[PDB]
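*Asks:* Below is one structure. I have some questions about it.
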Amino acid sequence: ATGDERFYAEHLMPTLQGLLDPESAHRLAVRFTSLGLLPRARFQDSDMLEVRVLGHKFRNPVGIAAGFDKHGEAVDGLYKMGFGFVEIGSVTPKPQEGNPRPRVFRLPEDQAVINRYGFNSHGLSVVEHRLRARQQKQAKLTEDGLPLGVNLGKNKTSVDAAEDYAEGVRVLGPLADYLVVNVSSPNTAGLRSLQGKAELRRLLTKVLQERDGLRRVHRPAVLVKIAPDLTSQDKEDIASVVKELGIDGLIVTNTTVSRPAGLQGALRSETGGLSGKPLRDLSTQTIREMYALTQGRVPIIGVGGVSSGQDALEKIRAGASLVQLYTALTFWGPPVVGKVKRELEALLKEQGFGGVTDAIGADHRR
Ligand SMILES: CCn1c(CO)nn(-c2cc3c(C(C)C)cn(-c4ccccc4C)c(=O)c3cc2F)c1=O
Ligand SMILES: Cc1cc2nc3c(=O)[nH]c(=O)nc-3n(C[C@H](O)[C@H](O)[C@H](O)COP(=O)(O)O)c2cc1C
Ligand SMILES: O=C(O)c1cc(=O)[nH]c(=O)[nH]1
Ligand SMILES: [Cl-]
């Protein structure tokens, strides 16, 4: 395990990234993954890593965040990498191109990326048919502890945001274990204002009504994904709405439009969302706040700057039931998944936790 980890991190990934433009590298990764052209995921998930949340068993708590597989092209390969769950998207109702290229920027000195993809999407119909081709394969994966999430976006030119999300619920809800109402992209004008109170309640009420109208075996959990850049007022409002409406969970967080002091990359002042190490503690502290504001009663998927077991455990102890990563894969490659899992298991044992479940929210009980 550590042989591949070292070779990928120290040699292969920096060599490939030096040869390719960042979006070309992303596209090749999706292709390689879809073909199963992957190193051995030698790590054997233990019982200590199993989590039951959102109406499902998760074999391990480490998922691939939205954005890597926007169009649901690489789901099976992502499970092959050792992720306990996969999230695809964001998917918009109609196909759209997204922003002009270049729209992805590497900050290797910061272990960070900035992106402004702008919801490039094949659209709901294409993704629906892609998922339908493997629907029963997924049902078996889910039953075996490997659930599927689908992240829903809105078209750039839509005049009714709630209707775009409702369309997504109707089309992809029946193929998903959970849906995500992504109200936190930094790269669609007006999107993040959907995080504000009266409008948020109206939007989410409509989404939940649509979800509730699906047949039982086709009825997903609904999560809201939030930004790391919210005001205290915004966080309080979101917590209140989520509890009022019975939203199933939160994903905390998307990328940041802030630029923390200390970024070194030449491209630090590009427009877009920043991910990776500089986001990490901003995301952990957002988890911590949302867990407290929801009394520990609302499952949180923690995301932002996770690249080690320590990073994962810090988010779990702050209140996450599950974690996701994306940016670390760009630096470390596929072996990062097993690395995080191995390190997390070791830390759980070292800190006296019987398993992941026992660690969820543990900092709040100190
Ligand atoms: C943020 C956009 N973005 C960037 C640029 O910022 N990079 N990136 C990734 C690239 C790669 C690549 C490229 C370098 C060929 C290979 N592989 C890999 C290696 C060996 C075997 C199987 C694969 C898939 C990965 O895992 C991988 C993952 C990524 F996230 C990505 O999504
Ligand atoms: C290239 C790229 C594209 C992304 N696209 C999406 C997206 O379509 N929907 C979404 O909810 N989050 C998207 N994200 C955000 C990630 O899901 C995640 O919240 C964020 O990158 C923090 O995790 P990380 O530091 O492990 O990358 C994207 C991130 C990156 C880097
Ligand atoms: O498509 C994108 O630009 C994108 C969407 C999202 O939610 N987050 C992000 O960082 N980028
Ligand atoms: Cl770059």
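Quick note on naming: the chains in the structure tokens go A, B, ... in the order shown, residues restart at 1 in each chain, and ligands are numbered from 1 in order of appearance.
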Counting only C-alpha atoms and all ligand atoms, which residues of chain A fall within 6 Å of ligand 4, and what is the closest atom pair for each with its distance in Å at one decimal, ordered by chain and rising number, as a tab-separated table?
*Replies:*
residue	atom	partner	partner_atom_place_in_ligand_line	distance
A:22	CA	ligand 4	1 (Cl)	5.7
A:105	CA	ligand 4	1 (Cl)	3.8
A:106	CA	ligand 4	1 (Cl)	4.0
*Asks:* As an NGL selection string, list the residues of stretch 115-172 of chain A assigned to strand (DSSP E) by DSSP on the backbone atoms of this structure.
*Replies:* :A and (115 or 148-152)
*Asks:* Please return as a PyMOL selection string the residues found within 6 Å of ligand 1, counting only C-alpha atoms and all ligand atoms.
*Replies:* chain A and resi 13+16-17+22-23+25-26+28-29+32-33+37-38+68+106+113+329-330+333-334
*Asks:* With 8 Å as the cut-off and only C-alpha atoms and all ligand atoms counted, what is the closest atom pair between each nearby residue of chain A and ligand 3? Distances in Å to one decimal, ordered by chain and number, as CSV.
*Replies:*
residue,atom,partner,partner_atom_place_in_ligand_line,distance
A:66,CA,ligand 3,7 (O),7.6
A:67,CA,ligand 3,4 (C),6.6
A:90,CA,ligand 3,5 (C),6.7
A:98,CA,ligand 3,1 (O),7.3
A:114,CA,ligand 3,10 (O),7.6
A:115,CA,ligand 3,10 (O),5.8
A:116,CA,ligand 3,3 (O),4.2
A:117,CA,ligand 3,3 (O),3.5
A:118,CA,ligand 3,3 (O),3.7
A:119,CA,ligand 3,1 (O),3.5
A:120,CA,ligand 3,1 (O),6.1
A:153,CA,ligand 3,7 (O),7.9
A:182,CA,ligand 3,7 (O),6.3
A:183,CA,ligand 3,7 (O),7.6
A:184,CA,ligand 3,7 (O),5.7
A:185,CA,ligand 3,7 (O),3.5
A:186,CA,ligand 3,8 (N),6.1
A:187,CA,ligand 3,3 (O),4.9
A:188,CA,ligand 3,3 (O),7.4
A:254,CA,ligand 3,8 (N),5.7
A:255,CA,ligand 3,10 (O),4.8
A:256,CA,ligand 3,10 (O),7.6
A:272,CA,ligand 3,10 (O),7.1
A:273,CA,ligand 3,10 (O),4.6
A:274,CA,ligand 3,10 (O),6.9
A:275,CA,ligand 3,10 (O),7.3
*Asks:* Let's have the selection written as a CSV table (one decimal), in the first residue's frame, with N, CA and C atoms.
*Replies:*
chain,number,residue,atom,x,y,z
A,66,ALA,N,-18.7,15.8,-5.1
A,66,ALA,CA,-19.2,16.3,-6.4
A,66,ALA,C,-18.1,17.1,-7.1
A,67,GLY,N,-18.2,17.0,-8.5
A,67,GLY,CA,-17.3,17.8,-9.3
A,67,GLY,C,-16.4,16.9,-10.1
A,90,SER,N,-22.3,18.4,-10.1
A,90,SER,CA,-23.7,18.8,-10.3
A,90,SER,C,-24.3,18.6,-11.7
A,98,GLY,N,-21.0,25.5,-19.6
A,98,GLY,CA,-20.1,26.1,-18.5
A,98,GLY,C,-19.3,27.3,-19.1
A,114,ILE,N,-8.2,26.2,-7.8
A,114,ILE,CA,-9.3,27.2,-8.0
A,114,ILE,C,-10.0,26.7,-9.3
A,115,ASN,N,-11.3,26.6,-9.2
A,115,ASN,CA,-12.1,26.3,-10.4
A,115,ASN,C,-13.3,27.3,-10.6
A,116,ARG,N,-13.6,27.5,-11.8
A,116,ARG,CA,-14.8,28.2,-12.2
A,116,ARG,C,-15.4,27.5,-13.4
A,117,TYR,N,-15.7,26.2,-13.3
A,117,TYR,CA,-16.3,25.4,-14.3
A,117,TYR,C,-17.6,26.0,-14.8
A,118,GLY,N,-18.5,26.5,-13.8
A,118,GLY,CA,-19.7,27.1,-14.2
A,118,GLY,C,-20.8,26.0,-14.5
A,119,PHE,N,-20.8,24.9,-13.8
A,119,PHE,CA,-21.9,23.9,-14.0
A,119,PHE,C,-21.9,23.4,-15.5
A,120,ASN,N,-20.8,23.0,-16.0
A,120,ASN,CA,-20.8,22.3,-17.3
A,120,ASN,C,-21.5,21.0,-17.0
A,153,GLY,N,-28.0,20.8,-9.8
A,153,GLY,CA,-27.7,22.3,-10.0
A,153,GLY,C,-28.9,22.8,-10.8
A,182,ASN,N,-27.6,21.8,-4.3
A,182,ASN,CA,-26.4,22.5,-4.3
A,182,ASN,C,-26.8,23.9,-4.4
A,183,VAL,N,-26.8,24.6,-3.2
A,183,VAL,CA,-27.1,26.1,-3.3
A,183,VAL,C,-25.8,26.9,-3.0
A,184,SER,N,-24.6,26.3,-3.2
A,184,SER,CA,-23.4,27.0,-2.8
A,184,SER,C,-22.3,27.0,-3.8
A,185,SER,N,-22.6,26.8,-5.1
A,185,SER,CA,-21.6,27.1,-6.1
A,185,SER,C,-21.2,28.5,-6.1
A,186,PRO,N,-19.8,28.8,-6.1
A,186,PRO,CA,-19.4,30.1,-6.3
A,186,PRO,C,-19.5,30.7,-7.7
A,187,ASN,N,-19.8,29.9,-8.7
A,187,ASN,CA,-19.6,30.1,-10.1
A,187,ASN,C,-20.9,30.2,-10.9
A,188,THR,N,-22.1,30.4,-10.3
A,188,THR,CA,-23.3,30.7,-11.0
A,188,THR,C,-23.9,31.9,-10.3
A,254,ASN,N,-18.9,23.4,0.3
A,254,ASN,CA,-18.4,23.7,-1.0
A,254,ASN,C,-17.1,24.5,-0.9
A,255,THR,N,-16.6,24.9,-2.1
A,255,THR,CA,-15.3,25.7,-2.2
A,255,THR,C,-15.6,27.1,-1.7
A,256,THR,N,-14.5,27.8,-1.4
A,256,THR,CA,-14.5,29.1,-0.9
A,256,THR,C,-14.2,30.2,-1.9
A,272,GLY,N,-12.9,32.2,-8.8
A,272,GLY,CA,-13.5,30.8,-8.7
A,272,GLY,C,-13.5,30.4,-7.3
A,273,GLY,N,-13.9,29.1,-7.1
A,273,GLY,CA,-13.9,28.5,-5.8
A,273,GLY,C,-12.5,27.8,-5.5
A,274,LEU,N,-12.0,28.1,-4.3
A,274,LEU,CA,-10.8,27.5,-3.8
A,274,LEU,C,-11.1,26.2,-3.0
A,275,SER,N,-10.3,25.2,-3.3
A,275,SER,CA,-10.4,23.9,-2.6
A,275,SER,C,-9.1,23.4,-2.1
*Asks:* So which residues of stretch 7-57 of chain A fall under alpha helix (DSSP H) by DSSP, listed as a ChimeraX atom specification?
*Replies:* /A:7,13-19,22-34
*Asks:* Include C-alpha atoms and write out the residues we just selected as a compact mmCIF listing (two decimals), in the first residue's frame.
*Replies:*
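Result saved to result-v7.txt:
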# COMPACT_ATOMS: atom_id res chain seq x y z
CA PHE A 7 5.28 6.45 -6.04
CA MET A 13 1.11 12.47 -10.23
CA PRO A 14 3.52 15.42 -10.33
CA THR A 15 4.89 14.09 -13.65
CA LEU A 16 1.43 13.70 -15.25
CA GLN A 17 0.21 17.05 -13.95
CA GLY A 18 3.39 18.68 -15.42
CA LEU A 19 2.51 17.27 -18.86
CA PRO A 22 -5.60 20.92 -15.57
CA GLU A 23 -8.93 20.31 -17.35
CA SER A 24 -7.23 17.78 -19.71
CA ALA A 25 -5.94 16.03 -16.60
CA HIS A 26 -9.49 15.95 -15.14
CA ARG A 27 -10.95 14.56 -18.38
CA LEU A 28 -8.25 11.85 -18.63
CA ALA A 29 -8.85 10.91 -15.02
CA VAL A 30 -12.55 10.39 -15.66
CA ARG A 31 -11.69 8.21 -18.68
CA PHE A 32 -9.09 6.10 -16.81
CA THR A 33 -11.48 5.66 -13.93
CA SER A 34 -14.40 4.66 -16.19
*Asks:* Write out as a list in words the residues lying within 9 Å of residue A:315, counting only C-alpha atoms and excluding same-chain residues fewer than 6 positions away.
*Replies:*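 Here the qualifying residues turn out to be residues 283, 284, 285, 287, 288, 301, 302, 303, 306, 321, 322, 323, 360 and 361 of chain A.
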*Asks:* Generate a file of the selected residues that holds N, CA and C atoms, formatted as a short mmCIF file (atom, residue, chain, number, x, y, z; two decimals), in the first residue's frame.
*Replies:*
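Output below, filename out03.cif:
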data_model
loop_
_atom_site.label_atom_id
_atom_site.label_comp_id
_atom_site.auth_asym_id
_atom_site.auth_seq_id
_atom_site.Cartn_x
_atom_site.Cartn_y
_atom_site.Cartn_z
N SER A 283 -13.68 24.70 6.54
CA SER A 283 -14.73 23.70 6.43
C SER A 283 -15.00 22.96 7.74
N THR A 284 -13.95 22.58 8.46
CA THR A 284 -14.12 21.92 9.77
C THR A 284 -14.91 22.79 10.73
N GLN A 285 -14.57 24.08 10.79
CA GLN A 285 -15.27 24.96 11.70
C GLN A 285 -16.72 25.24 11.30
N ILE A 287 -18.56 22.81 9.85
CA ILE A 287 -19.17 21.59 10.35
C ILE A 287 -19.51 21.75 11.83
N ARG A 288 -18.53 22.21 12.59
CA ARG A 288 -18.65 22.33 14.03
C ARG A 288 -19.86 23.22 14.36
N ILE A 301 -22.26 15.56 6.07
CA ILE A 301 -21.16 15.05 5.24
C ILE A 301 -20.12 16.18 5.21
N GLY A 302 -18.95 15.91 5.76
CA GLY A 302 -17.90 16.92 5.89
C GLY A 302 -16.94 16.86 4.72
N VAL A 303 -16.64 18.01 4.14
CA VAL A 303 -15.82 18.07 2.92
C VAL A 303 -15.07 19.39 2.88
N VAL A 306 -9.70 17.49 2.90
CA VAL A 306 -9.39 16.21 3.48
C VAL A 306 -8.39 15.52 2.59
N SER A 321 -20.73 12.78 9.97
CA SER A 321 -20.94 11.34 9.94
C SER A 321 -20.17 10.62 8.83
N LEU A 322 -19.90 11.38 7.75
CA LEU A 322 -19.20 10.90 6.59
C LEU A 322 -18.32 12.06 6.12
N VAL A 323 -17.31 11.75 5.34
CA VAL A 323 -16.47 12.79 4.72
C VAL A 323 -16.36 12.52 3.23
N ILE A 360 -18.31 10.46 16.06
CA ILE A 360 -19.11 11.54 15.46
C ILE A 360 -19.50 12.56 16.50
N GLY A 361 -19.07 13.80 16.34
CA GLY A 361 -19.41 14.85 17.26
C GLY A 361 -18.68 14.80 18.60
#
*Asks:* Go through A:180, A:231, A:223, A:247 one by one, measure the shortest atom-to-atom distance of each to ligand 2 using only C-alpha atoms and all ligand atoms, and give the residue with the smallest value.
*Replies:*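 Comparing A:180, A:231, A:223, A:247 against ligand 2, the winner is A:180.
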*Asks:* Can you pull out the residues contacting residue A:230? Cut-off 10 Å, using only C-alpha atoms, and skip same-chain residues under 2 positions away; I want them as a short mmCIF file (atom, residue, chain, number, x, y, z; two decimals) with N, CA, C and O atoms, in the first residue's frame.
*Replies:*
data_model
loop_
_atom_site.label_atom_id
_atom_site.label_comp_id
_atom_site.auth_asym_id
_atom_site.auth_seq_id
_atom_site.Cartn_x
_atom_site.Cartn_y
_atom_site.Cartn_z
N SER A 184 -24.64 26.34 -3.25
CA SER A 184 -23.37 26.97 -2.81
C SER A 184 -22.30 27.01 -3.84
O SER A 184 -21.17 27.28 -3.50
N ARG A 192 -25.92 31.37 -4.63
CA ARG A 192 -25.70 31.38 -3.17
C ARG A 192 -26.72 32.19 -2.39
O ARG A 192 -26.93 31.92 -1.20
N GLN A 195 -29.40 30.37 -0.43
CA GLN A 195 -29.14 30.06 1.00
C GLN A 195 -29.86 30.97 2.03
O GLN A 195 -29.89 30.62 3.20
N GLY A 196 -30.41 32.12 1.61
CA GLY A 196 -31.15 33.03 2.52
C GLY A 196 -32.52 32.51 2.94
O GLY A 196 -33.06 31.67 2.25
N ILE A 226 -23.74 23.57 1.53
CA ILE A 226 -23.54 24.95 1.85
C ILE A 226 -22.11 25.37 1.66
O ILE A 226 -21.17 24.57 1.67
N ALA A 227 -22.00 26.68 1.51
CA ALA A 227 -20.76 27.31 1.37
C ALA A 227 -20.00 27.46 2.69
O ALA A 227 -20.59 27.45 3.72
N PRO A 228 -18.69 27.70 2.63
CA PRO A 228 -17.88 27.99 3.78
C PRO A 228 -17.85 29.49 4.12
O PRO A 228 -17.17 29.88 5.05
N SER A 232 -22.81 34.36 10.02
CA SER A 232 -23.44 33.75 11.17
C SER A 232 -24.97 33.73 11.02
O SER A 232 -25.61 32.73 11.36
N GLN A 233 -25.55 34.82 10.52
CA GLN A 233 -26.99 34.89 10.31
C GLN A 233 -27.46 33.83 9.30
O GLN A 233 -28.46 33.14 9.54
N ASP A 234 -26.71 33.69 8.20
CA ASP A 234 -27.06 32.70 7.21
C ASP A 234 -27.06 31.28 7.80
O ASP A 234 -27.99 30.48 7.51
N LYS A 235 -26.01 30.95 8.57
CA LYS A 235 -25.91 29.64 9.21
C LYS A 235 -27.05 29.37 10.18
O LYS A 235 -27.63 28.27 10.17
N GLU A 236 -27.42 30.36 10.99
CA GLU A 236 -28.53 30.25 11.92
C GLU A 236 -29.85 29.99 11.15
O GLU A 236 -30.67 29.16 11.56
N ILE A 238 -30.22 28.75 8.01
CA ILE A 238 -30.19 27.43 7.40
C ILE A 238 -30.50 26.36 8.43
O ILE A 238 -31.30 25.47 8.16
N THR A 256 -14.47 27.78 -1.39
CA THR A 256 -14.54 29.14 -0.85
C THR A 256 -14.21 30.19 -1.93
O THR A 256 -13.28 30.04 -2.73
N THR A 286 -17.02 25.15 10.00
CA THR A 286 -18.39 25.24 9.54
C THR A 286 -19.18 23.98 9.96
O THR A 286 -20.33 24.10 10.39
#
*Asks:* Between A:152, A:290, A:1, A:263, which one has atoms that come closest to residue A:123, using only C-alpha atoms?
*Replies:*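 Comparing A:152, A:290, A:1, A:263 against residue A:123, the winner is A:152.
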*Asks:* Kindly give the distance, in Å, that separates atom CA of residue A:199 and atom CA of residue A:224, rounded to a single decimal.
*Replies:*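 Distance reported for this atom pair: 14.0 Å.
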*Asks:* How many Å separate atom CA of residue A:319 from atom 2 (C, counted along the ligand's line) of ligand 2?
*Replies:* 24.0 Å
*Asks:* Return the single residue from A:237, A:10, A:289, A:45 that is closest to residue A:338, with distances computed using only C-alpha atoms.
*Replies:*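 Closest to residue A:338, using only C-alpha atoms: A:45.
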*Asks:* Would you mind listing what lies within 12 Å of residue A:49 as a count of residues only, with only C-alpha atoms counted and same-chain residues fewer than 4 positions away left out?
*Replies:* 37
*Asks:* Between atom CA of residue A:168 and atom CA of residue A:122, measure the distance and give it in Å to one decimal.
*Replies:*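 Result for atom CA of residue A:168 versus atom CA of residue A:122: 12.9 Å, one decimal.
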*Asks:* Return the single residue from A:133, A:150, A:166, A:51 that is closest to ligand 2, with distances computed using only C-alpha atoms and all ligand atoms.
*Replies:*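 Using only C-alpha atoms and all ligand atoms, ligand 2 sits closest to A:150.
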*Asks:* Measuring atom to atom with only C-alpha atoms and all ligand atoms, identify which of A:141, A:91, A:208, A:198 is nearest to ligand 2.
*Replies:* A:91
